[PDB]
Structure formats: C-alpha cells, structure tokens
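Taken in order, the sequence shown gives residues 162 to 427, 433 to 562, 566 to 607; the numbers are from the authors' numbering.
All C-beta atoms in this analysis are idealised placements derived from N, C-alpha and C, irrespective of residue type, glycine included.
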Amino acid sequence: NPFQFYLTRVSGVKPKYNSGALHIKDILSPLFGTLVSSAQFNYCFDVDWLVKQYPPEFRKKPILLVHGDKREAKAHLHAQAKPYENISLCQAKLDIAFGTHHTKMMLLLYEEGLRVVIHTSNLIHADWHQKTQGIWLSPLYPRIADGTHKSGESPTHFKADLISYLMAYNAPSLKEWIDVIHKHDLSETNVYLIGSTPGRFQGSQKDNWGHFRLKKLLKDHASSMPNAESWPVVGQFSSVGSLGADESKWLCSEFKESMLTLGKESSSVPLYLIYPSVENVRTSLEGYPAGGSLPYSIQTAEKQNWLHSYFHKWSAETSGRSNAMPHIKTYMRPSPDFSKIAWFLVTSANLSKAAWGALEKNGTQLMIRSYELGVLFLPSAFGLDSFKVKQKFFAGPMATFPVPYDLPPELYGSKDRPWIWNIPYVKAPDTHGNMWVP
Ligand SMILES: O=C(O)c1c[nH]c2c(Br)cccc2c1=O
C-alpha cells in the first residue's frame, strides 16, 4: 500500500482488526527511528500519560507541546509539564473569538531523518483506547546534505505548504522546526496538505486555507467525469457547529459547493453526513461516556433540525469498528455505486464554520476561527484516475483505498436521534450498565 493511512488500535476487537493498526507507542517506537526531538500539536494533553508513551530511552529528549489554552486552562497545562525539564510549551495565538487549536500533528526529528504524523487523536488515554481514529504517516524524510542546494519539494507542494502552515503561528519555537524542515528532503510525499489557520483571508490568500484550499486543489488536480452530479459527497465527523437556519445559509451554499468541485470547468449531488446516533453511542464499547467526545449541544441542535435529515448512522463492519465511536473526521467523493472514490480527506476539522471557514464581506473574505490540519489523497498524485474502494479495511493490486467505515451509509431510522451530549438518556442503559445524566 502506498497510502500509509492507519487506524489506531482498539482495545476489545479481535486481533484481525488490530493487525494493521497503530498505537502511539508503535509510532514513537525506536523501530520508526532514533528520536532526537519532537513537537506534539494537539488540543487536549495528559502530560504524564504522554511521556510514558515514549520509549524509556527517549523520555528525556526535548518535547514541544503546541496548544491553544488560555488563562486557567493554560496554567493547568504548564503545571502538568513543570515536573518534566525537557518539555517546552508553545501557545498558539487565537485572536478571533471562539477559536480553538484542533490540529493533531507530530513532528519527529531522528538521527536518521524526519517524520511527520498527521492524525485525529488527543494526547489522552481514552482517545487511543476504544475510538475510531485516523493516522497518516509520512515517509522517513532524509536530511539534505550540507552544501547541497535542492528544494526537497514534492509534486504536491507538501514541504512549502507545511512550512506555510507553521509560519502562520508566528512563534519562535516553531521557527526552529521550520528550519529543520527546510533541511530535509520531502520530495517523496504524495498527499496534499489542507490546513486551517485563524484569520480573515482575501485576495491571493483566500485559497490558502479551509474549504477554499480544498476547492482550489480539486479544481487544479482532479478531473471531472461524465455524470459527476451523480457522485455523492460524504462527510463524517464527531461534532457539528451552528450551521444556520437552513441548508442554504452555509452547508449547501459554500461548503457543499467547495466539496463538489472537480476539474477546471463550471445542485442535485447527494450529501451524506455520518454522525453517531444515540443508539450507536449507547451500545458502544465505551458506553454513554463515548458521548463525552461527541460535543453536540442541545442549544445548537434545536436551531437546525433541518440538518438531521442528512444524518446516517456510524457503521464500520469493514474495519470491525461499528462499536468504536468515531473521533476521526473524513470527507470523500464516492461514485454513485460507492465502488470508487474521486478523493479522500482525513482531518481534524469537524462540520463547522469555525474549522472550514465562512465567507464574509460580500464573498471576498474567508474567515476562519481555528487551527485544523488534514491530508488529501488525490488519484492524480498516484498516477490514477480514481481509487477503488478496499472491500475489507484490513484485507487485500494494493492500489485500493482503505475506507474505514461501511458504504453505502445507512440513514437514521425514524426512532433514531443524533447524539446530543448535554441532555439525559435514562430510557435504556449502556454497555456498562449506566445511564447518561449530564
Ligand atoms: O478537537 C478535538 O479533539 C476536540 C475538541 N473539543 C472537544 C470538546 Br469542546 C468536547 C469533547 C471533545 C472534544 C474534542 O475531542
């Protein structure tokens, strides 16, 4: 397989569903390289747990935690890290209201080279225990010889784009990592970076981030096919923002319009949204506590009941993960019979204006509140016209893409309700015998 897309290990499924999965201990293992220094970009951190995931011989190597916490949350994080002399912190600036630092990324500097990991898990025990999470593993990037002048750039522009993303933080600790990346050869990378950074982007910068970045990539590096209007759009996420009073406000006006783009030329495209139902959560491996990581509030949901008619249950027999609640977020473009896909994106971005951006100032400015990061798999980057969908995620011409959940997606039944985390569920107990009383 050339894609290097993995799921995290799930405690409680049979070994056959964990064979090709990765735990954080595997990612940080000496088998992957001899660690010199690392940066951990994330949202939530359990520092005691995190240090224990590094191999004993690597636990005093420098670690940088890149986070978005302010005030008391910021002090708690500093207090967590203070016992560890080798840990530095970098507070990502969040100058727009209600923004968050959601990007999940590891920069791993070895003696042998550099690795980049873009993933979907927080750095806490429960995110790696019984959830469905995604990981993209870069190749080992070798150092460019001192005195040798080459770009080290890939056909997907990954090196320039990763540096651009880091430069947006305007942070001294990340300028060091930028200089590290400059010195390595990233030319083997076959994925495109899609990031969000907070700001108001106009003119040349409008295409740099969020759903306009996605649109630009699909315009330039994907091809439109006959009957493209029949190829659905699938979005799969663990949280929903306030999208407005009807679908025309954002979801189907600008978001879907970016996601529908294919090729350079100029809607009834079906849109499937996958989001766990209450029953999905109740019968999950974790039980109702899995809903602690699906933070859809009743306040938001009651303003957009129109949205729930797009919702499809979580189902993942293909990877043995129907009862491992999703914290991965994915977006893709399958064929009408779901046997191939025009592209696939794995990201930290949920279905929200905060993450993807919303147009302002008469359509001339893209406003983004949050930091997010994902990678886009395009067939053209692999010498292909489309990807065949892998029938079983862990089974087996290794040019078929491992989609981690079942297709086609199954619509909510009439008795189903979207998981809403701040209301009680006292009708039926979960897999541990408990109810949900927020
Ligand atoms: O980006 C992330 O990983 C997350 C961000 N916010 C969350 C909230 Br608010 C409540 C529960 C879980 C998460 C979460 O997982």
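Only residues of its own chain outside the window of five on either side were considered, and among them 404, 405, 519, 524 have a CB closer than 8 Å to the CB of residue 411, listed in chain order.
In the three-state reduction of the DSSP assignment, residue 392 falls in the coil class. Its chain contains 589, 590, 591 as the residues whose beta carbon lies nearer than 8 Å to that of residue 463, once the 5 sequence neighbours on both sides are disregarded; these appear in chain order. When DSSP assignments are scanned along the stretch 466-534, the uninterrupted stretches of alpha helix (DSSP H) that are 4 or more residues long and fall wholly within it turn out to be 519-522. Here residue 580 is exposed: its Cβ has fewer than 16 other Cβ atoms, across all protein chains shown, within 10 Å. Each of 266, 402, 319, 415 was checked against the Cα of residue 470, and the nearest Cα belongs to 402. Runs of the beta strand (DSSP E) lying entirely within the stretch 393-422 and spanning at least 3 residues, in chain order: 394-397.
Per DSSP, residue 590 is not a residue of any alpha helix (DSSP H), being assigned neither H nor E. Fully contained in the stretch 189-217 are the following beta strand (DSSP E) runs of length 3 or more, in chain order: 196-202. For residue 461, the Cβ falls inside the 6 Å cut-off from some heavy atom of ligand 1. Inter-residue distance for residue 556 and residue 394 is about 18 Å (C-alpha atoms, whole angstroms). The alpha-carbon separation between residue 604 and residue 449 amounts to approximately 12 Å. CA-to-CA, the gap between residue 417 and residue 273 works out to about 43 Å. For residue 325, the enclosing alpha helix (DSSP H) starts and ends at 319-328. Here residue 269 is not near residue 250, since their CB atoms are 7 Å or more apart. The residues 199, 201, 247, 248, in chain order, have a CB closer than 7 Å to that of residue 224 in the same chain once the five nearest residues on each side in sequence are set aside.
Scanning its chain for C-beta atoms nearer than 8 Å, with the 5 sequence neighbours on each side dropped, one finds around residue 253 the residues 227, 228, 229, 262, 330, 332, 537, in chain order.
With a beta-carbon spacing of about 6 Å, residue 352 and residue 317 fall inside the 8 Å limit used to define contacts. DSSP places residue 363 in the uninterrupted beta strand (DSSP E) bounded by 360-363.
Taking 7 Å as the cut-off, the Cβ atoms of residue 522 and residue 515 count as close. When DSSP states are grouped into helix, strand and coil, residue 177 belongs to the helix group.
Contact check for residue 481 against residue 575 passes: the beta carbons are separated by less than 7 Å. Excluding the 5 residues flanking it on each side, residue 507 has same chain C-beta neighbours closer than 8 Å at 498, 499, 500, 501, 552, 553, 555, 570, 572, in chain order. In this structure, ligand 1 has no non-hydrogen atom nearer than 6 Å to the beta-carbon of residue 351.
Scanning 420, 231, 210, 302 for the CA closest to the CA of residue 193 turns up 302.
Secondary structure at residue 372: helix, using DSSP grouped into helix, strand and coil. Contact annotation: the stretch 180-194 touches the stretch 203-219, with at least three C-beta pairs closer than 8 Å. One thing to note: residue 512 has its Cβ within 7 Å of the Cβ of residue 540. Within 10 angstroms of the beta-carbon of residue 414 lie fewer than 16 other beta-carbons, which makes it exposed. Nearest to residue 484 by alpha-carbon distance, out of 338, 381, 561, 387, is 561. Counted as a single uninterrupted DSSP element, the alpha helix (DSSP H) harbouring residue 241 occupies residues 232-242. Residue 170: not part of any alpha helix (DSSP H); DSSP gives it neither H nor E.
A Cβ-Cβ contact shorter than 7 Å links residue 490 with residue 171. With a 10 Å radius around the Cβ and a threshold of 16 neighbouring Cβ atoms, residue 322 comes out buried.
For residue 466, the CB contacts under 8 Å within the same chain, skipping 5 residues up- and downstream, are 401, 402, 403 in chain order. When the alpha-carbon of residue 362 is set against those of 311, 370, 356, the nearest one is in 370.
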